[PDB]
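Below you'll find only one chain, the form deposited in one PDB entry, shown as structure tokens.
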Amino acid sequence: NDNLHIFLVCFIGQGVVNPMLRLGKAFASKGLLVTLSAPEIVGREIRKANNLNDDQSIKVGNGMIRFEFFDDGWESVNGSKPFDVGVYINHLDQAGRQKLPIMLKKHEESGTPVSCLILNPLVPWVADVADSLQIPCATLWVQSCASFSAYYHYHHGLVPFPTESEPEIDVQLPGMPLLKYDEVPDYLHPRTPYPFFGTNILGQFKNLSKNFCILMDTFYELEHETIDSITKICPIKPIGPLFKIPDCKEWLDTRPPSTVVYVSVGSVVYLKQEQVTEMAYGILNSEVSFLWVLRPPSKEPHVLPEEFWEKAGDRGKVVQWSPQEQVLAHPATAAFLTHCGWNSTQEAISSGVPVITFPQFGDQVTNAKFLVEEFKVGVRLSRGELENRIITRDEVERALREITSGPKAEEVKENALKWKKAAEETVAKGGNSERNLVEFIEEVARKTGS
């Protein structure tokens, strides 16, 4: 697979960059030439997060990933204004239609012509450029297949969704459990504060059929009923869990196995002080052992109760940052109170750690449904920010208690074990996800020699 050049185009944001980077390593391990391109406005963040070589590359086992940071024109256009992602995505669309063909032509000249373009739903113009340059392209879907099917059926108007006239109706999609109005990815709900986030993702479905493949970071055993339904309409290939393809640590090493509740919701939201207070007292009144990642005041205080520090004793630890993948694989970790982002969901499923669902917005509310009612590894704490209420300390203590001892805690712990074995199996040699990855590479090879 030497002659094969996979060229990935990131949007802005850890939620897109890390899945794309992980996929790029999946291709680099297999011996392909891989280029990860990303807008320069996130260029210094990406370049510090992984040390680039003197050719701006990283080693990935046998292969390597070259990094390519392109000018979106943004600083010159935007001046002193604050960053507005809605303005930015539409600007990057216009810029990238002109920039990408230029980067593609450069790779022809370097003797490394691009074999396949891989985009994501936030840069769907990449497929239009691919189409006019006769270059194959796939898109990486970075949410669940359940979330894919919701946006797909919304965009095509195939089933009624909550509207302004009818805001709390259920939605029944093919191959899926019934979705309550507030379990649809809620950027699609009329009440969302973020209608533009919905419009950006729906942007992918205007020209989705220009992609010969839709790679997805899930695996077949996790969503088999939805996959077996949607693949009759869309060329979806599950290739995940992507992250499993081949201070905090020293404090957990001293806890007994399966006793620490890992609490981290702040990677997508800054909570109100009032909610932080109820979380802190629920953590104390539950008496469980905990590791709490508490977002710092970016300089709303996130102050903890006076008693909290004395009452937490040796059982607790509060930190500013944590290596989430390391914590979730640690023996001491017993449960994950999470915002249920799709990456967090996949990491808990694949690490064998039951969850307490604290979703905030977007697909988090859909993932939370599946974690509790479908994957059956979760205890429900909230229904999302659209509910627009503070989760009280008593509800917080109930979730912590329900996940750590009793029949519900035993059912979710053993279900989490089954999911962990399934997720390991699907990326090992012979697994469904690893075979989809080999087949994807074979499909690109057949298009290169055509």
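Note that residue numbering follows the sequence shown and begins at 1. Take the two forms, find the largest set of C-alpha atoms that superpose within 1.5 Å, and that set is the rigid core.
According to the entry, the stretch of the deposited sequence that connects residue 313 to residue 314 contains no residue lacking coordinates, so the chain runs unbroken between them. The deposited sequence places 4 to 9 unmodelled residues between residue 299 and residue 300. According to the PDB record, 59-67 carries the higher mean C-alpha B-factor of the two stretches 59-67 and 378-386.
A summary of the deposited B-factors shows that, of 267-275 and 336-344, the stretch with the larger mean C-alpha value is 267-275. If you compare the C-alpha temperature factors of 234, 133, 284, 137 in the entry, 133 comes out highest. Ranking 193, 305, 185, 359 by Cα temperature factor from the entry places 305 first. Among the modelled residues of its chain, residue 9 has a C-alpha B-factor that falls in the middle third, as given in the PDB entry.
Per the PDB record, residue ranking by Cα B-factor puts residue 438 in the lowest third of the chain. For residue 81, the recorded CA B-factor ranks within the highest third of the chain. Only modelled residues enter the ranking. Residue-level temperature factors show residue 238 in the lowest third of its chain, judged at the C-alpha atom. When the modelled residues of the chain are ordered by C-alpha B-factor, residue 168 sits in the middle third.
Below: the form deposited in another entry, not depicted.
Superposition on the rigid core between the shown form and the other one places the CA atom of residue 63 2 Å or more away from its counterpart. For residue 49, a C-alpha deviation of 2 angstroms or more is recorded between the shown form and the other one after rigid-core alignment.
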